[PDB]
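Engineer: Structure incoming, see below.
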Amino acid sequence: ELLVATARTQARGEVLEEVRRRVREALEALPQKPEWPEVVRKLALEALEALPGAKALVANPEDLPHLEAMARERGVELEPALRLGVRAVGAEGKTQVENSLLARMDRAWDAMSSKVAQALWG
Amino acid sequence: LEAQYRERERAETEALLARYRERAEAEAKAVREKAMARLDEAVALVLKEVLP
Amino acid sequence: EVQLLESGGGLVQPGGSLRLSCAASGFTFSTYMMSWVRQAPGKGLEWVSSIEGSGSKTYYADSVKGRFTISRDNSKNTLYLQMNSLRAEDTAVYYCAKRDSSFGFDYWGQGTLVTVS
Amino acid sequence: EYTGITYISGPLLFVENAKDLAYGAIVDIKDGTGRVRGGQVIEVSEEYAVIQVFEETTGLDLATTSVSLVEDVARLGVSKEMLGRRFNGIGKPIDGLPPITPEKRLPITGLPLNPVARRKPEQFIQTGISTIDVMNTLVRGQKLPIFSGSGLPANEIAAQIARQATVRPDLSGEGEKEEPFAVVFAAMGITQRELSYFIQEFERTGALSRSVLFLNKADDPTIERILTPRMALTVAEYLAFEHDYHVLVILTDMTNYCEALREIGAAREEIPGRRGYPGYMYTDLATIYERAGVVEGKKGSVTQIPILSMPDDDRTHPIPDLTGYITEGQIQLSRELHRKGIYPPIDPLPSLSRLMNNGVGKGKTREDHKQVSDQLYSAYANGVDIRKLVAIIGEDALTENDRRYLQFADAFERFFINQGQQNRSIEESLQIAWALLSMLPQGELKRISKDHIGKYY
């Protein structure tokens, strides 16, 4: 019963890690799909709506045509060197609440491990 | 008498394991194939909830 | 085989509205992202709009924002483009991208011509 | 990633730019040792907060510090299939394979069980030690700490209860063998020998494919000595109640618990109030013990067996203090029968019992040891006590009557209380018991009835 259990887990892992592979491929071509402006504003949104005052906003300068709306909303955008996240830095002092995609991908088995599995398996 | 009881049991407690190993492996494959053709579906589920 | 059939093209007045439809077959339609691309006569390919497999995420070119709505019916295997406030610069062959493996153009329809005049 | 320290020393940190944190919340942090540790927001403040890291600080600079609210409440992924797998206090499986996918992510703080939802149990088990299954009667949904001194074994005796734990098939009038019986473990501080000693008796048990082990070592952090208890019990709640199995939980090293309890006791703001230990200690030993109980509408149960290891043989010591009161019916070990070579070395003369004619000894629990329990008490007493009284009164002075008293001491203890690798069923107990009882003529055997005597003649 233990050699059955173990073998299922090893195969089950391969499927979980393989969804992450597919999702990270998406992420490399996420600025290339045209839904990229919609992603960047909602991530930058949550950063300012929270605790920060938005004394500074830090994203890449080639994400700057897609966050120039929010240049004028709060602060100014000067690089994460990611092209896949948005820091925001508060005025309560140092603070800094960073909404990055990498973090959320990575936390997509750290807070919705159930959801994905039920759809995969049942 | 012990001598001929031990070797009886031993020769079944290998075979039994051996047969279970063929099911184990094949049911490993049987959980893979159910997921892998509903795989795109998962990836849509991950994408939709990482963009906030 | 993947088969994609655009319909709903033709002549529209400036400021008018049109709805393109594209039927899909030969694949599991609901598990794929879908796009619309257009080409004016003698000009390059311009991406118009994209929609996720489930329909939960939509994406639009800046040239068509607010005016065009992409949608899909996964029970009928049909992708739609609703176009409002049309202008002469929207005169093009509209191709149906069917279907984007994640984001790229793996398969193209035969196109439907929209003339705004 | 919030930066700005104010106090760091031990697993209690304080860091500013906070007010977005809640009571009982998983954060992460950065350290100068280039590693990402944990933190439970045990307390919250105006523009800071008290954090409790799941690892010891051995390095943390003030240039690089971080805080990231992962989740609002604090939880652990828990699923149905996790039996056959081993775990640690962190909560990672130590098996070597990918961590299983939850069904529920249940809090690690613990949700208490309604006193209304339980009802009196009455289905007894074989512990393979005679003495218990007669005198206290260990039933489901009941605690029974096994008090153990320091310089005394704790490991030895524990193992006996784990490989000889088994329901009656119909000796009580029924079984529960019809539903899977399984065991849960969780150690709170263990050395080099106690690690392996437990594992090799679980292969004796034949259970390592149907048990959940939450081993906490002493090389493992000292903060996880009080996290792990709560944590373990939530994986009890999940499998006894909601998947209907009779799960035995066995908790050991509740002195290593108390080491970690002490830490937060005085290093935090709060002051001592239980003769040099905390005053929120109560809650710390309440939330732990009160979860367990047979619920009325469920078939399955969490049977908890606390195994203490308390400093020396003091009874004013914090540990036996609160534990006494909490549990209903208790068992003790001493050094009277551990100089004789009698394993286990249970002594019930100072010990006490509060359930033995309280839904037990009556009901679907046999009445044929009903009057036996009452009799054995005053009979065993007559024994032990006068062993002392002899060395004052004379040096060998004992009268016609008292001679008999002491005659029943040495005998009962030797035979009966040496079990160990020997299992005795409900019937096997009573037979033997009565034959040592024939050493006292009628008049001290007033408590046993006319029926009983002949019954087990």
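Simple scheme: letters A, B, ... for chains in structure tokens order, numbers from 1 for residues in each chain, numbers from 1 for ligands in the order shown.
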Compile a residue-level contact table for chain B against chain A at a cut-off of 8 Å, reporting for every qualifying residue the shortest atom pair and its distance in Å to one decimal, with only C-alpha atoms counted, rows ordered by chain and ascending number, as a Markdown table.
Structural biologist:
```
| residue | atom | partner | partner_atom | distance |
| --- | --- | --- | --- | --- |
| B:20 | CA | A:4 | CA | 7.6 |
| B:21 | CA | A:3 | CA | 7.1 |
| B:23 | CA | A:4 | CA | 7.9 |
| B:24 | CA | A:4 | CA | 4.6 |
| B:25 | CA | A:7 | CA | 6.5 |
| B:27 | CA | A:8 | CA | 7.1 |
| B:28 | CA | A:8 | CA | 4.9 |
| B:29 | CA | A:11 | CA | 7.3 |
| B:31 | CA | A:12 | CA | 7.2 |
| B:32 | CA | A:11 | CA | 6.5 |
| B:34 | CA | A:121 | CA | 6.6 |
| B:35 | CA | A:120 | CA | 4.6 |
| B:36 | CA | A:15 | CA | 7.6 |
| B:38 | CA | A:120 | CA | 6.1 |
| B:39 | CA | A:120 | CA | 6.6 |
| B:41 | CA | A:119 | CA | 7.4 |
| B:42 | CA | A:116 | CA | 5.8 |
| B:43 | CA | A:23 | CA | 6.0 |
| B:45 | CA | A:116 | CA | 6.9 |
| B:46 | CA | A:108 | CA | 7.0 |
| B:47 | CA | A:23 | CA | 6.8 |
| B:50 | CA | A:104 | CA | 5.4 |
| B:51 | CA | A:39 | CA | 5.5 |
| B:52 | CA | A:43 | CA | 5.4 |
```
Engineer: Pull the strand (DSSP E or B) assignments for region 47-112 of chain A out of DSSP run on the backbone, and list those residues as a list in words.
Structural biologist: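 Secondary structure check on region 47-112 of chain A, strand (DSSP E or B): residues 56, 57, 58, 77, 85, 86, 87, 88, 89, 99 and 100 of chain A.
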Engineer: Could you give me, as CSV, a per-residue list for chain C showing, wherever an atom lies at most 9 Å from an atom of chain B, the closest pair of atoms and their distance in Å to one decimal, using only C-alpha atoms and sorting by chain then residue number from low to high?
Structural biologist:
```
residue,atom,partner,partner_atom,distance
C:30,CA,B:41,CA,8.6
C:31,CA,B:40,CA,5.9
C:32,CA,B:40,CA,7.6
C:52,CA,B:44,CA,7.6
C:53,CA,B:44,CA,7.0
C:54,CA,B:44,CA,7.4
C:56,CA,B:48,CA,7.4
C:57,CA,B:48,CA,7.4
```
Engineer: Neighbouring residues of region 101-113 of chain C were defined as those with any atom within 9 Å, considering only C-alpha atoms; residues of the same chain fewer than 5 positions away were excluded. Please report them as a VMD selection string.
Structural biologist: (chain A and resid 25 to 26 29 to 30 32 to 34) or (chain C and resid 2 to 11 20 22 32 to 35 38 50 52 91 to 96)
Engineer: Restrict the distance test to only C-alpha atoms, flag each residue of chain D within 10 Å of chain A, and return the flagged residues as an MDAnalysis selection string.
Structural biologist: chainID D and resid 1:4 16:20 47 66:71 75:77 79 81:85 95:105 208:210
Engineer: So what do you get for CA of residue 190 (chain D) versus CA of residue 216 (chain D), distance-wise?
Structural biologist: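 A separation of 7.0 Å between them.
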Engineer: Between CA of residue 212 (chain D) and CA of residue 232 (chain D), what distance in Å does the model show, to one decimal?
Structural biologist: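 These two atoms are separated by 8.7 Å.
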Engineer: Mind pulling up the distance from CA of residue 352 (chain D) to CA of residue 334 (chain D)?
Structural biologist: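 The value is 13.8 Å.
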Engineer: Using only C-alpha atoms, which protein or nucleic acid residues come within 7 Å of residue 54 (chain A)? Drop anything in the same chain fewer than 3 positions from it, and give the result as a VMD selection string.
Structural biologist: chain A and resid 48 57 74 to 75 88 to 91
Engineer: Write down as a PyMOL selection string the residues of chain A whose backbone DSSP state falls under alpha helix (DSSP H).
Structural biologist: chain A and resi 2-28+36-49+69-73+101-106+113-120
Engineer: Name the residues in contact with residue 337 (chain D) at a cut-off of 9 Å, using only C-alpha atoms, excluding same-chain residues fewer than 5 positions from it; report them as a PyMOL selection string.
Structural biologist: chain D and resi 342-347+413-414
